[PDB]
Amino acid sequence: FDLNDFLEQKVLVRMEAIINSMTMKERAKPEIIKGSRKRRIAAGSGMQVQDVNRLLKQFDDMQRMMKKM
RNA sequence: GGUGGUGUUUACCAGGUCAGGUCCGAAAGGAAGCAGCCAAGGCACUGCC
C-alpha cells in the first residue's frame with residue numbers, strides 16, 4: 001500500500017494537491033520525505049509543512065492497518 | 001574538447017511550461033509555482049571535426 005493507492009481515496013481536494021506535488025520515488029517509499037522534501041512538497045501544493053506532516057501521518061494510519069489485516 | 005547519435009540516469013538549489021493546489025483581487029483578472037513534461041546535466045557507447 002504505497003501513496004499511489006492512498007491517493008485514489010477544497011476538503012480533500014487539498015489532500016490530493018499535496019501528493020500531486022510528490023515524485024514517483026516519494027509516493028512509492030515515503031520513508032524518504034525528510035525536511036528538505038517537505039519544504040518542497042508543501043510550497044508545491046500551496047500548503048505548509050505542518051499540512052504535509054498531517055497527510056503524512058494520515059497515510060501511516062491508513063497504512064499500518066493494511067500491514068495488520 | 002566541439003558537434004551529432006543511442007542507451008541510462010537526475011526531488012528542491014536564479015532553464016521553459018505548468019495539471020493539480022496556493023496567493024492577491026469585490027470583480028475583471030493578476031502572481032509565484034510542485035509533480036509531469038521539455039530542455040539541460042551526469043555515466044557510458046558511438047559518427048564526424
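Note on naming: letters A, B, ... go to the chains in the order of the sequence lines (proteins, then strands), and numbering restarts at 1 for each one.
B:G15 and B:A32 have their P atoms separated by 14 Å, with the value rounded to a whole Å. B:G16 and B:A35 have their P atoms separated by 14 Å, with the value rounded to a whole Å. Taking the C1' atom of each, B:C12 and B:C34 are spaced 10 Å apart, rounded to whole Å. B:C13 and B:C37: their P atoms are spaced 16 Å apart (whole Å). Distance noted for atom P between B:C18 and B:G30: 13 Å (whole Å). Distance noted for atom P between B:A19 and B:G5: 30 Å (whole Å).
A stacking criterion of 5.5 Å and 30° is not met by the six-membered base rings of adjacent nucleotides B:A14 and B:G15.
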Under 3.5 Å, which N/O atoms of the protein pair with N/O atoms of nucleotides 13-18 of chain B?
none

N/O contacts under 3.5 Å, protein versus nucleotides 34-36 of chain B?
from  : atom 1 : to      : atom 2 : distance (Å)
B:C34 : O2'    : A:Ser21 : O      : 2.5
B:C34 : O2'    : A:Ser21 : OG     : 3.2
B:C34 : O2     : A:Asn20 : O      : 3.0
B:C34 : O2     : A:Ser21 : OG     : 2.7
B:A35 : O4'    : A:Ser21 : O      : 3.2
B:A35 : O4'    : A:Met22 : O      : 3.3
B:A35 : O2'    : A:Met22 : O      : 2.5
B:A35 : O2'    : A:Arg27 : NH2    : 3.3

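Across all their heavy atoms, A:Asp2 and A:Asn4 have their closest contact at OD2-ND2, 2.6 Å. Between A:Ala42 and A:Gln48, the shortest heavy-atom contact is CB-C, 3.4 Å. Counting all heavy atoms, side chain and backbone alike, A:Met62 lies closest to A:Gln9 at CE-OE1, 3.1 Å. Looking at every heavy atom in both residues, A:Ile41 comes nearest to A:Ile18 through CG2-O, 3.8 Å. The nearest pair of heavy atoms linking A:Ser45 to A:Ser21 is N-OG, 3.4 Å.
Pair assignment for B:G2: B:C48, on the basis of Watson-Crick or G-U wobble contacts that are both within less than 3.5 Å. When Watson-Crick and G-U wobble pairs are counted only if both distances are under 3.5 Å, B:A40 pairs with B:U10.
Computed from coordinates, the A:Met15 CE to B:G21 P distance equals 14 Å when rounded to whole Å. Residue A:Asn4 contributes atom CG, which lies 20 Å from atom P of B:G20 at whole-angstrom precision. When the P atom of B:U22 is taken as reference, atom CG of A:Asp51 falls 11 Å away, rounded to whole Å.
Proximity of A:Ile19 to A:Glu26: side-chain heavy atoms (C-beta onward) are nowhere separated by under 4.5 Å.
B:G36 and B:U17 make a Watson-Crick or G-U wobble pair, with both donor-acceptor distances under 3.5 Å.
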